[PDB]
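Protein chains: 2
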Amino acid sequence: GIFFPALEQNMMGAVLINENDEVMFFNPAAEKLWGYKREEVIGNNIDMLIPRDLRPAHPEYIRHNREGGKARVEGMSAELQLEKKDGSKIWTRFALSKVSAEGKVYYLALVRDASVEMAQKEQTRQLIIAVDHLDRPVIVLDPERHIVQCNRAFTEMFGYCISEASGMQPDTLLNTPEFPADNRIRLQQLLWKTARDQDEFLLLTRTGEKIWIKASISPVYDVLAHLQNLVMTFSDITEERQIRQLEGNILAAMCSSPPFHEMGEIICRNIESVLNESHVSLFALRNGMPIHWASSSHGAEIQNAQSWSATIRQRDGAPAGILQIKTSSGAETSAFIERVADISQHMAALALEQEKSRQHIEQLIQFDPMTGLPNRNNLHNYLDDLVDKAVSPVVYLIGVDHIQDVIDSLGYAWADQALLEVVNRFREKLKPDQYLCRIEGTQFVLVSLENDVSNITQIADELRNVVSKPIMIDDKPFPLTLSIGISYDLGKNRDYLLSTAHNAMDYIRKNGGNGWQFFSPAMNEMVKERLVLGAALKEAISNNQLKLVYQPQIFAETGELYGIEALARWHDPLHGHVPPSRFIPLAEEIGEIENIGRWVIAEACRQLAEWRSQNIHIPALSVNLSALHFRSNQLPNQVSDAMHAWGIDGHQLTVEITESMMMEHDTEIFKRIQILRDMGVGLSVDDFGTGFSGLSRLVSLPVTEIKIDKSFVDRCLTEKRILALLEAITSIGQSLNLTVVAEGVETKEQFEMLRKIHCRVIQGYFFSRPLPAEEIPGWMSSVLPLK
Amino acid sequence: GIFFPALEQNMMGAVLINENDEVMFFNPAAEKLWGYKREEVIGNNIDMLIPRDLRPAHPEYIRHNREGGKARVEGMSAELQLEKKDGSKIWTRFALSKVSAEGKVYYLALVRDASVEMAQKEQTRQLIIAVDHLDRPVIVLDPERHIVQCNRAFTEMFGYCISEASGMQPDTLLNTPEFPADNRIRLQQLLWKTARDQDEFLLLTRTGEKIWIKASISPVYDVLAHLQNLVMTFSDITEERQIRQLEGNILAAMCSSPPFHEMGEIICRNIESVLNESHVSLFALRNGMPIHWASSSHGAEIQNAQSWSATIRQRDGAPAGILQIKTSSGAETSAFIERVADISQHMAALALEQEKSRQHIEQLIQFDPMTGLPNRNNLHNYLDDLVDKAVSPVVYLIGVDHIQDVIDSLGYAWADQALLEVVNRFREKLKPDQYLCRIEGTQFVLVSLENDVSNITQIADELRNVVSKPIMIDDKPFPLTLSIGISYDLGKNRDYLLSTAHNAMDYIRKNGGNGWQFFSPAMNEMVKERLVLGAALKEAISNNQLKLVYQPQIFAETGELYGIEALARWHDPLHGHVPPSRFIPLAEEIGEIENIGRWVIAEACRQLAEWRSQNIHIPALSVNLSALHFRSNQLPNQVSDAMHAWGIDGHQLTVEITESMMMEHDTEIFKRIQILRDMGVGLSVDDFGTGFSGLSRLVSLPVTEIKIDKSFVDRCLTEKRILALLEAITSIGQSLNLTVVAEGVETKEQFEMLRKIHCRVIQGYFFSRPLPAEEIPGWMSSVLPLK
Ligand code: HEM
Ligand code: HEM
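Listed in order, the protein sequences are those of chains B and A.
Residues in the first sequence are numbered consecutively from 20, following the authors' numbering.
Residues in the second sequence are numbered consecutively from 20, following the authors' numbering.
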């Protein structure tokens, strides 16, 4: 065969197999392709030329091809994996033909290597993937000036797919606006060949809208300087404007320090505003576990939705949260979603940092730039120390009401001023034993140690009253008010007391505010009982049903009555006998004490008047004004007019003054009681004033009696220490010519001691207990003397 | 021949040329490839099929090859363009061989249409331009994460080229810099994830520079849903991270809201830190003008300055300010400078919104919201109120300095906390009649009504040392200091009492952190004069420059001496003859009262010892020990040791005491005096006690002698009632030998008035001025008695 050397000297592998599939030819080209020697294959079966994984199957194909009867070969059209002798595989192609000669069918295969072809194919595939993941549209144009290569970004921006956009001129078939933006002319003026110049144009998409595009252009020449190719990089402008707006809005909102769940909503709503028709959400990693933070209002699902999941990480370290966004596919481009994701992530990180720093500040700071007062972070550390020492404080929970009116009408700036003015009132009226704090917002706490009802009611009433004068804020009155609750118990943890006080606050505010209450009912009905007692006292003093008793005072030596004293008494069927030591404080706290004094003065004068009219006379009655808390500006008028109403007998009436009530206060009364003194009223004292000035005002005010009170005469028996000052008092009286009376004597030893010390007049249980006006005349007529 | 008919049915193009170039081996595939028919080719020279450019050379090439005798065929490897019979052009690949048959040498050429491969070649050539133009580093990774593709941006950024960075790991080439914190694991995690993700890494370039980059990884899947490739995109974020640092710092400041002129400085400082060799200026709009807010002080030389002027606008959109930037040519990019301008203009926008809100109410609100204290308007009102009442106050201008320490160590919130702590100290030490306000920043004003320089100095010193303990916040100590300026007049302008105070404050602040000053012309030097007198008093009390002085006492009932008194006297020529009224309160203030206290009695004991050497008998001697302001800390020990210091009997020395010092503490003073009273030293007293004459009678027997102060005897012509006081004394005196000492006699009309009422002892100027030390050993010997 003359054509056999033609096959032999070729560079393409030649294989010839017969009807029996025995290989008849195997050139060095096939040798180098398969790694085999020609002797191994000449005259042998086609089996070894088949790869092992296909060897059981290929001979079936071989016999099927023979039995098919087709006159053409359709197999081996595509690439095939050729495994050589060592076991390594390559890509090869075949040009097999079917030959029928000498009454037998033969196969003549020419084998070529496609290694470089497959390598270039994979290269092109990886390149198209890279070009797709490029975040900016790219078009390659030629001197034929048709869109040759497209991009995924270009497809997603302008809607022209690869096949459609292929083979069309860019600046003529891409639809123009209806205006004079002559894209092709702009490109062809002086720019096409050499100018890397940019300009703004408008383009039309598949949806229908027209968008602004930058169309940066650049040519590429080969070595021969001929114009080889060209690149156009379309870039959007609405996207960049919206991204800048998103940054500005997020920073503008965040700089005002909103609450955490408001900042989350701000981020969500802004991401939505940039990308309409989407559902966004935020989770924060607390203790390694996500927690929901915010979401869009429209919680319904989105058809054909796609999700972008971004990890919110702080300035250094572990993730702090997870943002996720879902939006309908084909709505906005992938690069634009990615930009919004990056901006939102890098702002949520700052939100987390601010919240963390805020929590760190909250767990520490004690004072407050607003209100200038300690906040609860100091109240905790102070009240725990108080309660640790086993002393039981009294906690006042104060809540100012009706602040929203100012908050609305004039705003938060002036609401702060109103609250600051109230704080100033509290500061000006507090006391050194008290502690003031503000817990949250418009709720305050006052810690006191005056643990008794009498002080508690007084201080609570004063706190409630501090707001009697309306808060003035820029020439507009505002009548604020307070709801104040009291808590007090021993040994209980501060949670108990705080809870009780807050319960009282809630009760009073629900009832209507403007008031004060106790928690424990056992501590609460006492106020009601005292109010009932005060009402009873007021009604009785109005109705003139009080009583007077007459202590007798007798010379220790001669035995005659030196005088008597008027002692207030108070008996009521609904309450029983109540002593003055209890119900004079009640009169002082109710504000009816002036009328009590009026009654005692008038009744004593009248009761002396009946006896003086009768055939009996007594030296004087002492009416204990300062003991009855007579101290007021209107002292002399009543004493004078009551005396005038029954007769001019000034030498028979005497008034008592307590310890330093005439000097420290009531100067205008000390400067006027001289009128009574000149009228004829006597004067008696209990304690001497400040040294060299309280000496009966340098005996100016002609005091006549000193009353050694019971507190000393009860202990005179057991203390020569007190006996010494008793002797001094007696000597001072004797020297100054003052008379000395003793109060509260009971025993004969005490009387003898007073006699030897030379006490001039003695009163008490030893001689005669205080007795009524109906029994004083008989006793004074019958019994004389008691020495 | 059957190989020609075999390849007739083959897809391989084939041509064979003989000696005469007449083709006898040509197939329908070749007919399709070229266009000439078999009848037109067979027996015809091939030269008709050759492009015309090889007409004079093709046969010449055949002859040259034949003459050279190339045994092995290696030509026609390169792909060649071809022109068909109809003029169409394609690309073909040849395969040549040499054929020897019929005693002649023939040439075989197989031909294939290389269009299906040159399509891929022109595909990848065009795709490379697209993948390389945009300057964005993208890489493609296999399933095992080996890198397979890279582009121009990647090689120009990270140094490595494709050949070096082809077929290996994508992190070994991206090894982290020397900072080993977290990037070493962050890479290994991101690069091995299996979902879309992105992080920021510190990476070291091949040449050794440091780049902060943002890396994103995303997978691409084939049809069979298997993981096919991983594309990774990097991006340089150095400028972005600088902008993020700016944003973080400005948020960290504006969440605390420092003063306006400091927020401006913060913005400008960060601008200079983010921009290179630039200038920044910010202007607000007041009444329609550009008013300067703050500008960077970095006035470095700028070459070819580029200017930008953005109009920061309010919420309503009206222009409100100008953010003007000057940049060097080529220092920063247009996009960078525009972005920085936009960020800073939003920050400045919110700052100006705050400032415009604040400015509306600054002249109306009375209180100061930063600390709850009154504001400058309130001080204006207070000073107006005082000047209307014609009372000139003191205006201490407190300046809290070294606040900058907390400013640059922790920040503005902690600076406010420190201010709160200092004002809490101020209020806890504040007195009831002291007015306090905060004018601006860290400047407070304290207005009072004192006028004695000792009191003023005391207030200033207590204000200075109320901060002596450093403000402990988070256990970190900060030694704040204070500057104080004082202003006085008989009344001066309401704002001038602040400007003048600020003169002193500025003087002290510039010339030393901690201290205080009056005004130089009059009394800032007087303070120093008093301090010099204090140093002189220290010197004199150390070196016994003082001298005791003596003044006799004579029985009123004609008789001899009762006692000799002691008084401290001082005389230094440099300072003159300072009197007791001047140097005793100074002695207390300076802190050396104990020295004079012990000296006055040590000299007393020694002097009695010396006088005893002769016929001098010393009926009594009285050191004062009461006007010297003794404390209870060391009262008894010194007076006790003075006795045994020279062996003096306790029945001639005496002690005078005052109730004010006696009742400082009701526990220890009288207990200390008990030891002395047991010793036998007399206890005189002054103006009477307050405890109902008790301890004046029993605990210490201080009525051994009781005195009459100077202020009563001279005025005795008005208080004639003092006869009662003297009779009161004389009662107990005739009881148990108790004397009274009248003092301050000048003339006979007063002497006879004081003597007509029985007073034992008379002493004063009427008898003798205080004799110097040495005269008594003659005076006593001479005058006995005086009658
Ligand atoms: C690496 C070695 C081989 C591989 C990968 C292989 C695989 C294949 C496959 C899958 C086809 C059919 C393609 C299609 O239907 O689209 C084919 C075609 C064919 N190849 Fe093979 N085979 C191999 C070995 C051989 C050998 C050594 C011969 C020797 C003559 C041969 C002769 C044929 C025949 C007769 C057909 C049928 C063509 C037709 O029916 O149109 N094969 N080959
Ligand atoms: C468009 C058609 C053709 C062109 C442009 C062309 C051109 C060339 C060129 C440039 C060479 C030398 C470099 C190289 O071989 O790569 C060459 C070699 C050669 N060509 Fe062609 N040729 C064409 C067609 C043919 C055909 C159909 C034959 C048929 C036998 C042929 C026969 C040869 C021979 C014998 C050599 C010598 C190779 C050697 O000595 O190594 N040429 N041709």
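Backbone N, C-alpha and C define an ideal beta-carbon position, used for all residues, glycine too.
Start and end of the beta strand (DSSP E) containing B/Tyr126?
The residue you call residue 126 of chain B lines up with position 107 of the first sequence. Its beta strand (DSSP E) spans residues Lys123 to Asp132.
For ligand 2, is there a heavy atom less than 7 Å away from the beta-carbon of A/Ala128?
Here residue 128 of chain A refers to the residue found at position 109 of the second sequence. Correct: A/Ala128 has its Cβ closer than 7 Å to ligand 2.
Can you tell me where the alpha helix (DSSP H) with B/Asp480 in it begins and where it stops?
Indexing the first sequence from 1 puts residue 480 of chain B at position 461. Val472 to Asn484 is the extent of the alpha helix (DSSP H) around B/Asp480.
Please determine, among A/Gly783, A/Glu683 and A/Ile751, the residue with the shortest C-alpha to C-alpha distance to A/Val732.
One-based indexing of the second sequence puts residue 732 of chain A at position 713. The residue with the shortest Cα to Cα distance from A/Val732 is A/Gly783.
Element boundaries [alpha helix (DSSP H), containing A/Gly797]
Translated into positions along the second sequence, residue 797 of chain A becomes position 778. From DSSP, the alpha helix (DSSP H) with A/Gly797 extends over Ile795 to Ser801.
Whole alpha helix (DSSP H) runs in the segment 491-558 of chain B with 4 or more residues, listed along the chain?
The DSSP assignment places complete alpha helix (DSSP H) segments of no fewer than 4 residues inside the segment 491-558 of chain B at 513-530, in order along the chain.
May I have a chain-ordered list of the beta strand (DSSP E) segments no shorter than 3 residues that lie completely inside the segment 52-104 of chain A?
If we require 3 residues or more, the beta strand (DSSP E) runs fully inside the segment 52-104 of chain A come out as 99-102.
So that I know if they touch, is there some Cβ in chain A lying closer than 8 Å to that of B/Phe22?
Here residue 22 of chain B refers to the residue found at position 3 of the first sequence. Closer than 8 Å: yes.
Skipping 5 residues on each side, what residues in its chain have a beta carbon closer than 6 Å to that of B/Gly582?
Within the first sequence, the letter at position 563 stands for residue 582 of chain B. Cβ within range, chain order: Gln572, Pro638 and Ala639.
Between A/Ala33 and ligand 2, is there a pair consisting of the residue's CB and a ligand heavy atom that are separated by less than 7 Å?
Taking the second sequence and counting its residues from 1, the one referred to as residue 33 of chain A is at position 14. It does not: the Cβ of A/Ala33 is nowhere closer than 7 Å to a heavy atom of ligand 2.
Between B/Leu68, B/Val124, B/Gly94 and B/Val118, which lies nearest to B/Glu38 when the distance is taken from Cα to Cα?
For the purposes of this step, residue 38 of chain B is taken as the residue at position 19 of the first sequence. With distances taken between Cα atoms, B/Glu38 lies closest to B/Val124.
Within this structure, are the beta carbons of A/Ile341 and A/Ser353 separated by less than 8 Å?
Numbered from 1 along the second sequence, position 322 holds the residue referred to as residue 341 of chain A. Numbered from 1 along the second sequence, position 334 holds the residue referred to as residue 353 of chain A. For A/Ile341 and A/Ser353, no; Cβs fall outside 8 Å.
Under 8 Å between the Cβ atoms of A/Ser645 and A/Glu678?
Counting from 1 along the second sequence, the entry for residue 645 of chain A is found at position 626. Counting from 1 along the second sequence, the entry for residue 678 of chain A is found at position 659. No, the Cβ-Cβ distance between A/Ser645 and A/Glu678 is not below 8 Å.
Within 7 Å: the Cβ of B/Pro70 and any heavy atom of ligand 2?
The residue labelled residue 70 of chain B in the question sits at position 51 within the first sequence. For ligand 2, not one heavy atom lies less than 7 Å from the Cβ of B/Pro70.
Going by the C-beta, is B/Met95 closer than 7 Å to any heavy atom of ligand 1?
Numbered from its first residue, the first sequence carries residue 95 of chain B at position 76. Yes, the beta carbon of B/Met95 sits closer than 7 Å to at least one heavy atom of ligand 1.
Note down the Cα distance separating B/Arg215 from B/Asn202, rounded to an integer number of angstroms.
Working through the first sequence from its first residue, we reach residue 215 of chain B at position 196. Working through the first sequence from its first residue, we reach residue 202 of chain B at position 183. If I take the Cα positions, the gap works out to 15 Å.
Taking only beta-carbon atoms, is A/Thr519 less than 8 Å away from chain B?
Working through the second sequence from its first residue, we reach residue 519 of chain A at position 500. No, its Cβ sits nowhere closer than 8 Å to a Cβ of chain B.
Coil, strand or helix - B/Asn39 by DSSP
Within the first sequence, numbered from 1, the residue matching residue 39 of chain B stands at position 20. DSSP places B/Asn39 in the coil class of the three-state scheme, outside both helix and strand.
What does DSSP give as the partner residue(s) for B/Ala370 in the beta ladder?
The count along the first sequence starts at 1 and reaches residue 370 of chain B at position 351. B/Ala370 is not bridged to any residue.
Using C-beta distances below 6 Å, list every residue in its chain close to A/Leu757, excluding the 5 sequence neighbours before and after it, in chain order.
One-based indexing of the second sequence puts residue 757 of chain A at position 738. Excluding residues within five positions, the ones whose Cβ falls inside 6 Å are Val722 and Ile751.
Between the beta-carbon of A/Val299 and the beta-carbon of A/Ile344, is there less than 8 Å?
Numbered from 1 along the second sequence, position 280 holds the residue referred to as residue 299 of chain A. Numbered from 1 along the second sequence, position 325 holds the residue referred to as residue 344 of chain A. Going by C-beta atoms, A/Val299 is nearer than 8 Å to A/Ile344.
Between the Cα of B/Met282 and the Cα atoms of B/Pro655, B/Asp154, B/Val250 and B/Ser315, which residue gives the shortest distance?
Within the first sequence, the letter at position 263 stands for residue 282 of chain B. When only C-alpha atoms are compared, the closest one is B/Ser315.
Between which two residues does the alpha helix (DSSP H) containing B/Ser316 stretch?
The residue you call residue 316 of chain B lines up with position 297 of the first sequence. That residue, B/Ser316, is in no alpha helix (DSSP H); it is neither H nor E in DSSP.
Measuring straight from C-alpha to C-alpha, what distance separates A/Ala587 and A/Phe707?
On the second sequence, residue 587 of chain A is found 568 positions in, with the first residue counted as 1. On the second sequence, residue 707 of chain A is found 688 positions in, with the first residue counted as 1. Between A/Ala587 and A/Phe707, the C-alpha separation is close to 25 Å.
Segment limits, alpha helix (DSSP H) that includes B/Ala761:
Counted from its first residue, the first sequence places residue 761 of chain B at position 742. Per DSSP, B/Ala761 belongs to no alpha helix (DSSP H); it is in the beta strand (DSSP E), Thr758 to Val764.
Is the Cβ-Cβ distance between A/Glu762 and A/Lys729 less than 8 Å?
Counting from 1 along the second sequence, the entry for residue 762 of chain A is found at position 743. Counting from 1 along the second sequence, the entry for residue 729 of chain A is found at position 710. Yes; because the gap between Cβ atoms is below 8 Å, this pair is in contact.
Report yes or no: is there a C-beta of chain A within less than 8 Å of the C-beta of B/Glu351?
What you label residue 351 of chain B is simply residue 332 of the first sequence in a count that begins at 1. Not closer than 8 Å to any Cβ of chain A, the Cβ of B/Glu351 fails to qualify, so no.
Just reading off the beta strand (DSSP E) that A/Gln168 is part of, what are its end residues?
Working through the second sequence from its first residue, we reach residue 168 of chain A at position 149. A/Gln168 -> beta strand (DSSP E) spans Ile166 to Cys169.
Straight-line gap, A/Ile781 to A/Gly701 (C-alpha atoms, nearest Å)
The residue labelled residue 781 of chain A in the question sits at position 762 within the second sequence. The residue labelled residue 701 of chain A in the question sits at position 682 within the second sequence. If you take the alpha carbons of A/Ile781 and A/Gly701, they lie about 18 Å apart.
Take B/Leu223 and list the residues in its own chain whose beta-carbon comes closer than 7 Å to its own, dropping the five residues that flank it on each side.
Stepping through the first sequence from its first residue, residue 223 of chain B is reached at position 204. Here the set comprises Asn194 and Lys229.
In chain B, which residues lie less than 9 Å from A/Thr252 when you measure between Cβ atoms?
As a position in the second sequence, residue 252 of chain A is number 233, starting the count at 1. For A/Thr252, the residues of chain B that pass the 9 Å Cβ criterion are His152, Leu153 and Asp154, in the order they occur in the chain.
So is A/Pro393 buried or exposed if we call it buried at 16+ other beta carbons inside 10 Å?
Residue numbering aside, residue 393 of chain A sits at position 374 when the second sequence is read from its first letter. The residue in question, A/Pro393, is buried, as its Cβ has 16 or more Cβ neighbours within 10 Å.
Determine whether the beta carbon atoms of B/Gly186 and B/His165 lie at a separation below 8 Å.
Taking the first residue of the first sequence as position 1, residue 186 of chain B is located at position 167. Taking the first residue of the first sequence as position 1, residue 165 of chain B is located at position 146. Yes, the Cβ-Cβ distance between B/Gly186 and B/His165 is below 8 Å.
Alpha carbon to alpha carbon, what distance is there between A/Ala120 and B/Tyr80?
Sequence index remark: in the first sequence, residue 80 of chain B carries index 61 (1-based). Sequence index remark: in the second sequence, residue 120 of chain A carries index 101 (1-based). Rounded to the nearest whole angstrom, the C-alpha separation of B/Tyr80 and A/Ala120 is 37 Å.
For B/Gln333, collect the residues of the same chain with a Cβ closer than 7 Å to its Cβ; drop the 5 residues on either side in sequence, then sort them by chain order.
Translated into the one-based positions of the first sequence, residue 333 of chain B becomes position 314. Only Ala339, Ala368, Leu371 and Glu372 meet the Cβ criterion.
Pull out every residue of the segment 649-682 of chain B whose Cβ sits closer than 7 Å to any Cβ of chain A, in chain order.
none
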